[PDB]
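Here the structure comes first, spelled out in structure tokens, and everything after it is commentary.
Read the figures in this text as sums done on the coordinates, not as results from a lab. Heads up, the Cβs are rebuilt from the backbone with ideal geometry, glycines too, and the neighbour counts pull from every protein chain shown.
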Amino acid sequence: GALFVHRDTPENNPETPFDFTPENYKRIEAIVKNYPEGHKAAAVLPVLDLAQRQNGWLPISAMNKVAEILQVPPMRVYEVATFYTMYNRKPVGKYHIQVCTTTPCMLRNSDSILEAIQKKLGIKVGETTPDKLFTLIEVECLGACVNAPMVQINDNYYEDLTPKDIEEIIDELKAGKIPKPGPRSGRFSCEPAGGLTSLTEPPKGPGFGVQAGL
Amino acid sequence: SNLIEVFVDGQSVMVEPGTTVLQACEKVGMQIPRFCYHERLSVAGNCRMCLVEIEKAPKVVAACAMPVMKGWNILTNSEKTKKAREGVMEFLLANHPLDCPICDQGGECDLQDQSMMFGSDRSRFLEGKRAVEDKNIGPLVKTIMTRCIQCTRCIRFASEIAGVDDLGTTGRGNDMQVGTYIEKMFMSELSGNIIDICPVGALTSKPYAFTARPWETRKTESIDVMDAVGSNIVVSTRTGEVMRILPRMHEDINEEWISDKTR
Amino acid sequence: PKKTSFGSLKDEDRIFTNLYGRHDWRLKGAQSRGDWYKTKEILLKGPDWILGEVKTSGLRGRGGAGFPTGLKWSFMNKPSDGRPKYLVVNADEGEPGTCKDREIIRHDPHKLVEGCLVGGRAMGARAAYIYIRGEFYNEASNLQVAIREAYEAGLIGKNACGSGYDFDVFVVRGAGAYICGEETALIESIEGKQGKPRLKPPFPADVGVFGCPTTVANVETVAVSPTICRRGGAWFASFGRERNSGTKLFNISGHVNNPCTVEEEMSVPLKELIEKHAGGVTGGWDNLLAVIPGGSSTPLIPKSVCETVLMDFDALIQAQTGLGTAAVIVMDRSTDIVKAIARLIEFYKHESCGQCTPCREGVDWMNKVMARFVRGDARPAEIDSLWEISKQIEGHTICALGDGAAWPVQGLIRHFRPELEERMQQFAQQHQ
Amino acid sequence: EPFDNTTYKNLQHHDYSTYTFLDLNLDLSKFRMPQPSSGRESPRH
Ligand SMILES: Cc1cc2nc3c(=O)[nH]c(=O)nc-3n(C[C@H](O)[C@H](O)[C@H](O)COP(=O)(O)O)c2cc1C
Ligand code: SF4
Ligand code: SF4
Ligand code: SF4
Ligand code: FES
Ligand code: FES
Ligand SMILES: [K+]
């Protein structure tokens, strides 16, 4: 699935109503100034991200709006939208769950994490629940390899999951709560699970080791 | 002078600084393979069919893009160079469809001709083939995009020559596609010219579809009268019947383009 | 006498002293651990002195290629020609098995922001763009908070650190693509185009981001830069072997008792590193089957080699692999080696940008082949076919992603051929 | 002030909203130095 050619539909067409709220416009006014004058096209990615946050996905009307305000050919914004994968060109659930499945997360049995999430929601990969609350997709390495298995929901990393651990978060989400991020195993971060083995000593103060010449 | 001396198969040739390897070989009557390099467009370097070995080097460089350095012995026909073309030509034909009999380009296709001059005689590809869906871009240029080799000649021509940033690439990976992403017609006074630059049968003349084959047409070098520019053209006939119109290169008038009305 | 055994890095040497986030990471916390200390006095020594410290320390890029950092940053050291000059930091941590970079921005953000100023002044740059991958939203915000703190403390901006040198820092988030970690493809995303690598020449030191000179450096190779200047390049070189000196962050993951990110010394033995910090291989060291030293772009190695191989660039190169990002991925006997590497290929196939021919049309070919090997639905005569297909991709591509996708296949065919042929026999006789 | 190595000091990211990153970038505007000019409003000019 996930075609790369747009077709007009009643709910997704260039006449769809989209426009940045004035508060967003102020934010854009500062994004464009991170780049040299005459190279205002560098704001395509952040501005497309900002639109997605406002709407949750990018209708065809949204992309054209980004093109109009940055003076960019409309096709040059369709290239960006289809290239990067965090741009949702179709509506997504309220919570986009993203189960990593690359080898490091596969070795630590992510399949059980994926299988557990399907069973709790009764949806196959790529699908959205009938209530439009959740969307589940497999993804590649998310950078939390040592904390495998793990998933991402919207903006947060939930790490060191086990079939029971993940199902709690879904229940917490389905109640309207904001589940705490970070690993659920008994550790906090990339530190060893079985007690520290390094930096178990107060950090040296300013000026330590400074050479004489300096 | 500022000319630098470089060797093509050992033969000395003097070139200006900033000349590319591919241009160095032309100076001595040697023509490197190519699909993405067009002398009248940007440099893309994304087909890798022009990879060439440089003597006393461990890597093969893209002749079209690489500027030449002083005293480079270019080995246009070494074993390493030959196996670079064979490898690349193997990847282009992996997913290409078996449309030569029903393809308008058949008989004047650069993929075909360069396959038989620089590629192997058979295939070791056992998997299934990619298939893309056609895209309508107007009543002139017919699109059968399963034959596109993602060379970007059309994208670079429309942006720079015709000045219409409406063609581009969407997706990524083996699924990357060339098109407009929406129902758009590429209607410009120079629209028909993307037919010629496309080295394969992905873009072909729609009015001319299925009417003739390249080998059975007689070429007559004549002039155009649809405007005052006097574009040089080649009129193709078959059994005393005009079949198509093609540009005839002239640097000082029309380069190698013609307008839709003429074409 | 130079040492012959490496490891046991004393904490007074560990540069990243807040690696695990057990102390305050803000400016006050950073300033209590030597960060942002005598930074002005470093700057006024001049760009040559700063490079001399990096050049003498034997530093090498920590992003995966491993080129000498002193030589690279010296390309920028030429008088301007009317254009800006930029330092770009590659925080697009996307290599599978690697998480070291995520632990520097999130927990030691000020150490990086100190690096930009030290590196930027060395290169004569006027500002720093930091490319932090999209999925690291929370980490990026932490980095943004640190930048504001530095801005309000006069440590950057106009008249940075009181030295008269202006330097701005900007953080730009990628929209999600592994390829955007490539130094040139990263530049394209900053410019707003698609993340497709450029050819070379020109090199970024000639025509970089926005067409101005640019140097792309990894977070790790930039975070440690101020400390090298402070503690002297001679001190840094004392660790690791010759031409491999320093300390490296390691991510040990997969089939280990206690997966962890730990800072150790270069040239540490692989067996010592796993047993000391990671708690050994799950099920005992004899349960070890294969190890991917430098993430996933590097060929795996079998157990017999893991018992004597040191963790540095040259020793691993001598083992038909590479240090890469130093992200150790461990695999045990229970691992299905073919499927495990068949998944890495399916990773590159999706992450391939698609611009150029061999990797666009060839990495999918390898992916389709490896799928049939997993089930055994092949024949032994195709193993040499896949070997040859891989060597047509390697070296014939615009970027190194094509190289990095052929190497995983070659490693599997090199060291584990019987499993492939063993698999095909079972399928042949079952379907009969 | 006492050194405690058993508590997580990275607890500010548990309550980041959906506009945190953009707002921080917005707040870091008055500090920025003026950008260089290419000389033309765009490559299309
Ligand atoms: C496909 C691909 C992905 C890469 N991803 C990263 C990355 O995530 N982080 C990084 O520092 N370098 C990455 N690199 C290497 C960069 O291109 C470049 O070599 C390095 O960032 C430059 O900094 P260095 O001097 O420390 O090596 C990648 C290269 C390739 C081909
Ligand atoms: S484009 Fe060329 S090779 Fe492909 S089907 Fe047409 S004639 Fe044959
Ligand atoms: S349609 Fe033709 S010209 Fe355009 S990219 Fe494909 S092969 Fe090249
Ligand atoms: S090797 Fe692959 S990822 Fe790299 S430039 Fe070529 S197509 Fe793109
Ligand atoms: S392999 Fe899953 S986060 Fe890296
Ligand atoms: S002709 Fe040189 S890579 Fe295409
Ligand atoms: K054609």
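Scanning region B:66-84 for residues that are farther than 20 Å from C:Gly362 by Cβ and touching a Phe, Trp or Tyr at 6+ places or on another chain (Cβ under 9 Å), which turns out nearest to ligand 6 (Cβ to nearest atom)? Spell out the reasoning first.
Our first condition is that a residue be farther than 20 Å from C:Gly362 by Cβ; within region B:66-84, this holds for B:66-79.
Filter once more, so that each one left must be touching a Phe, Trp or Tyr at 6+ places or on another chain (Cβ under 9 Å): B:71-74.
On the way: B:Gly71: 22, B:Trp72: 17, B:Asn73: 20, B:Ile74: 14 Å.
Here the residue is B:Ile74.
Quick one: which of A:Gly176, A:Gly143, A:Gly209 is assigned to a loop (DSSP other than H, G, I, E, B), within 21 Å of the chain's Cα centre (by Cα), at the interface with chain C (Cβ under 7 Å from one of its Cβ atoms) and at positive phi?
Details: A:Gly176 fails: at the interface with chain C (Cβ under 7 Å from one of its Cβ atoms); A:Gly209 fails: within 21 Å of the chain's Cα centre (by Cα).
None of the other options fit; the residue is A:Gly143.
Of the numbered conditions (1) over 17 Å from C:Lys391 (Cα atoms); (2) crowded, with 24+ Cβ neighbours inside 10 Å; (3) more than 7 Å from ligand 6 (Cβ to nearest atom), B:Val52 fails exactly one; give the number of that condition.
Of everything listed in (1) over 17 Å from C:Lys391 (Cα atoms); (2) crowded, with 24+ Cβ neighbours inside 10 Å; (3) more than 7 Å from ligand 6 (Cβ to nearest atom), B:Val52 misses just condition (1).
Of all residues in region B:216-263, which are among the hydroxyl-bearing types (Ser, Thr, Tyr) and out of contact with any strand residue (DSSP E or B) (no Cβ under 8 Å at 6 or more places or on another chain)? Before you say what the answer is, go through the steps one by one.
Filtering region B:216-263 for residues among the hydroxyl-bearing types (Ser, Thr, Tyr) gives B:217, B:220, B:222, B:231, B:236-237, B:239, B:259, B:262.
B:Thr239, B:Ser259 - these are the residues of region B:216-263 that are among the hydroxyl-bearing types (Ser, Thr, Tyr) and out of contact with any strand residue (DSSP E or B) (no Cβ under 8 Å at 6 or more places or on another chain).
(1) within 16 Å of ligand 2 (Cβ to nearest atom); (2) crowded, with 16+ Cβ neighbours inside 10 Å: which one isn't true of B:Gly107, the others all being true?
Only one criterion in (1) within 16 Å of ligand 2 (Cβ to nearest atom); (2) crowded, with 16+ Cβ neighbours inside 10 Å is unmet by B:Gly107, namely (2).
If the requirement is being of a type outside the set (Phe, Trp, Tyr), within 12 Å of chain A (Cβ to nearest Cβ) and buried (at least 24 other Cβ atoms within 10 Å of the Cβ), which of these qualifies: C:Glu191, C:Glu135? Steps first, please.
On the way: C:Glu191 fails: buried (at least 24 other Cβ atoms within 10 Å of the Cβ).
After applying the criteria, what remains is C:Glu135.
Yes/no matrix, rows are residues, columns are (1) facing chain C (nearest Cβ under 9 Å); (2) free of Cβ contacts under 8 Å to residues at least 40 places away in the same chain; (3) touching a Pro at 6+ places or on another chain (Cβ under 7 Å):
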{"site": "A:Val44", "(1), (2), (3)": "yes, yes, no"}
{"site": "A:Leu50", "(1), (2), (3)": "no, yes, no"}
{"site": "A:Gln54", "(1), (2), (3)": "no, yes, no"}
{"site": "A:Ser61", "(1), (2), (3)": "no, no, yes"}
{"site": "A:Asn64", "(1), (2), (3)": "no, no, yes"}
{"site": "A:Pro73", "(1), (2), (3)": "no, yes, no"}
{"site": "A:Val77", "(1), (2), (3)": "no, yes, no"}
{"site": "A:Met86", "(1), (2), (3)": "yes, yes, no"}
{"site": "A:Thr103", "(1), (2), (3)": "yes, yes, yes"}
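In region C:64-89, how many residues are in contact with a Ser or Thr (Cβ under 9 Å, 6 or more places away or on another chain) and either over 30 Å from C:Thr321 (Cα atoms) or not hydrophobic (A, V, I, L, M, F, W, C) (or both)?
Matching residues across region C:64-89 total 8.
Does region C:345-359 hold any residues that are within 16 Å of ligand 5 (Cβ to nearest atom) and more than 7 Å from every other protein chain (Cβ to nearest Cβ), and which are they?
Once the filter is applied, which keeps residues that are within 16 Å of ligand 5 (Cβ to nearest atom) and more than 7 Å from every other protein chain (Cβ to nearest Cβ), region C:345-359 yields C:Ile345, C:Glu346, C:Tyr348.
Given the criterion away from every other protein chain (no Cβ under 14 Å) and away from ligand 7 (no atom under 16 Å from the Cβ), identify the matching residue among A:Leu136, A:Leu199. Working first, answer last.
Values: A:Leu199 fails: away from every other protein chain (no Cβ under 14 Å).
Going through A:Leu136, A:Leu199 in turn, the sole match is A:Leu136.
Could you please find all residues in region B:71-85 being more than 18 Å from the chain's Cα centre (by Cα) and free of Cβ contacts under 8 Å to residues at least 60 places away in the same chain? Full working, then the answer.
As a first pass, look at region B:71-85 and keep what is more than 18 Å from the chain's Cα centre (by Cα): B:71-84.
B:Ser78, B:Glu79, B:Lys80, B:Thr81, B:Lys82, B:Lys83, B:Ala84, listed by residue number.
Could you tell me whether any residue of region B:222-234 is buried (at least 22 other Cβ atoms within 10 Å of the Cβ), hydrophobic (A, V, I, L, M, F, W, C), touching a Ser or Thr at 6+ places or on another chain (Cβ under 9 Å) and in a loop (DSSP other than H, G, I, E, B)?
No, the conditions are met nowhere in region B:222-234.
Is region C:217-227 home to any residue that is surrounded by 22 or more Cβ atoms within 10 Å (Cβ to Cβ) and free of Cβ contacts under 8 Å to residues at least 60 places away in the same chain?
No - not one qualifying residue is present in region C:217-227.
If D:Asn10 passes every condition in (1) under 30 Å from A:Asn55 (Cβ atoms); (2) surrounded by 11 or more Cβ atoms within 10 Å (Cβ to Cβ) but one, which one does it miss?
(1)
One line per residue, one yes/no per condition, for (1) at positive phi; (2) among the basic types (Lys, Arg); (3) within 16 Å of ligand 5 (Cβ to nearest atom):
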{"site": "C:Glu361", "(1), (2), (3)": "no, no, no"}
{"site": "C:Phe373", "(1), (2), (3)": "no, no, no"}
{"site": "C:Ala381", "(1), (2), (3)": "no, no, no"}
{"site": "C:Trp387", "(1), (2), (3)": "no, no, no"}
{"site": "C:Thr397", "(1), (2), (3)": "no, no, no"}
{"site": "C:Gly404", "(1), (2), (3)": "no, no, yes"}
{"site": "C:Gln410", "(1), (2), (3)": "no, no, no"}
{"site": "C:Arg414", "(1), (2), (3)": "no, yes, no"}
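Being of a type in the set (A, V, I, L, M, F, W, C), within 11 Å of another protein chain (Cβ to nearest Cβ) and within 12 Å of ligand 3 (Cβ to nearest atom): is that true of B:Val178 here? Don't jump to the end; show me each part of the working.
Values: of a type in the set (A, V, I, L, M, F, W, C): yes; within 11 Å of another protein chain (Cβ to nearest Cβ): yes; within 12 Å of ligand 3 (Cβ to nearest atom): yes.
Answer is yes for this residue.
Counting only residues that are without any contact (Cβ under 8 Å) to a residue 24 or more places away in the chain and either hydrophobic (A, V, I, L, M, F, W, C) or in contact with a strand residue (DSSP E or B) (Cβ under 6 Å, 6 or more places away or on another chain) (or both), how many does region A:105-124 have? Let's see the steps before the verdict.
Of all residues in region A:105-124, those without any contact (Cβ under 8 Å) to a residue 24 or more places away in the chain come to A:106, A:111, A:118-119, A:122-124.
Add one more test, that the residue is either hydrophobic (A, V, I, L, M, F, W, C) or in contact with a strand residue (DSSP E or B) (Cβ under 6 Å, 6 or more places away or on another chain) (or both), and what stays is A:106, A:123.
Summing the residues that are without any contact (Cβ under 8 Å) to a residue 24 or more places away in the chain and either hydrophobic (A, V, I, L, M, F, W, C) or in contact with a strand residue (DSSP E or B) (Cβ under 6 Å, 6 or more places away or on another chain) (or both) in region A:105-124 gives 2.
Which residue pairs have Cβ atoms closer than 6 Å, lie 6 or more positions apart in sequence or on different chains, and pair a first residue in region B:194-206 that is away from chain C (no Cβ under 14 Å) with a second residue that is within 16 Å of ligand 4 (Cβ to nearest atom)?
Listed pairs, sorted by first residue: B:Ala202/B:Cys148.
Specify the residue that is farthest from the other protein chains (Cβ to nearest Cβ); the eligible residues are those in region A:147-173 that are among the acidic types (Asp, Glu) and either surrounded by 16 or more Cβ atoms within 10 Å (Cβ to Cβ) or under 18 Å from C:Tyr20 (Cβ atoms) (or both).
A:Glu167
I want to confirm something. Restricting to region B:92-104 and keeping residues that are more than 14 Å from every other protein chain (Cβ to nearest Cβ) and surrounded by 18 or more Cβ atoms within 10 Å (Cβ to Cβ), which single residue is farthest from ligand 2 (Cβ to nearest atom)? Please lay out each step first, then the result.
Filtering region B:92-104 for residues more than 14 Å from every other protein chain (Cβ to nearest Cβ) gives B:98-104.
In the following step, the residues that additionally are surrounded by 18 or more Cβ atoms within 10 Å (Cβ to Cβ) were identified as B:103-104.
Working: B:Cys103: 3, B:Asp104: 7 Å.
Once the filter is applied, the top-ranked residue is B:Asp104.
Tell me, please, whether a residue that is surrounded by 15 or more Cβ atoms within 10 Å (Cβ to Cβ), farther than 30 Å from A:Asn12 by Cβ and without any contact (Cβ under 8 Å) to a residue 60 or more places away in the chain can be found in region B:182-193. Quick ask: steps written out before the conclusion?
In the first step, residues of region B:182-193 are kept if they are surrounded by 15 or more Cβ atoms within 10 Å (Cβ to Cβ); the result is B:182, B:184, B:186, B:188, B:190-193.
Still in the running and farther than 30 Å from A:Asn12 by Cβ: B:190, B:192-193.
Among the residues that remain, those that are also without any contact (Cβ under 8 Å) to a residue 60 or more places away in the chain are: none.
The answer is no; no qualifying residue exists.
Among the residues of region C:330-341, is any touching a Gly at 6+ places or on another chain (Cβ under 6 Å), surrounded by 19 or more Cβ atoms within 10 Å (Cβ to Cβ) and assigned to a helix (DSSP H, G or I)?
Within region C:330-341, not a single residue is touching a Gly at 6+ places or on another chain (Cβ under 6 Å), surrounded by 19 or more Cβ atoms within 10 Å (Cβ to Cβ) and assigned to a helix (DSSP H, G or I).
Please determine whether any residue of region D:33-40 is among the polar types (S, T, N, Q) and surrounded by 14 or more Cβ atoms within 10 Å (Cβ to Cβ). Talk me through it step by step, then tell me what you get.
Narrowing region D:33-40 to residues among the polar types (S, T, N, Q): D:35, D:37-38.
With the extra rule that they be surrounded by 14 or more Cβ atoms within 10 Å (Cβ to Cβ), the set shrinks to D:35, D:38.
Yes, that holds for at least one residue.
Looking only at region C:403-420, decide whether some residue is within 16 Å of ligand 1 (Cβ to nearest atom) and at the interface with chain B (Cβ under 10 Å from one of its Cβ atoms). Spell out how you get there, then give the answer.
In the first step, residues of region C:403-420 are kept if they are within 16 Å of ligand 1 (Cβ to nearest atom); the result is C:403-409.
Going one step further and asking which of them are at the interface with chain B (Cβ under 10 Å from one of its Cβ atoms), we end up with none.
Taking every residue of region C:403-420 in turn, none turns out to be within 16 Å of ligand 1 (Cβ to nearest atom) and at the interface with chain B (Cβ under 10 Å from one of its Cβ atoms).
Checking C:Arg121 against (1) surrounded by 24 or more Cβ atoms within 10 Å (Cβ to Cβ); (2) of a type outside the set (A, V, I, L, M, F, W, C); (3) out of contact with any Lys or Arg (no Cβ under 6 Å at 6 or more places or on another chain), which test does it fail?
(1)
Can you give me the ranges of the strands (runs of 3 or more DSSP E) entirely in region B:1-80 with at least 1 residues that are within 12 Å of chain C (Cβ to nearest Cβ) and more than 16 Å from ligand 4 (Cβ to nearest atom)? Before the answer, list the steps.
Details: elements: B:4-8, B:11-15, B:51-54, B:60-62, B:73-75.
Of the strands (runs of 3 or more DSSP E) lying wholly inside region B:1-80, those with at least 1 residues that are within 12 Å of chain C (Cβ to nearest Cβ) and more than 16 Å from ligand 4 (Cβ to nearest atom) span B:51-54.
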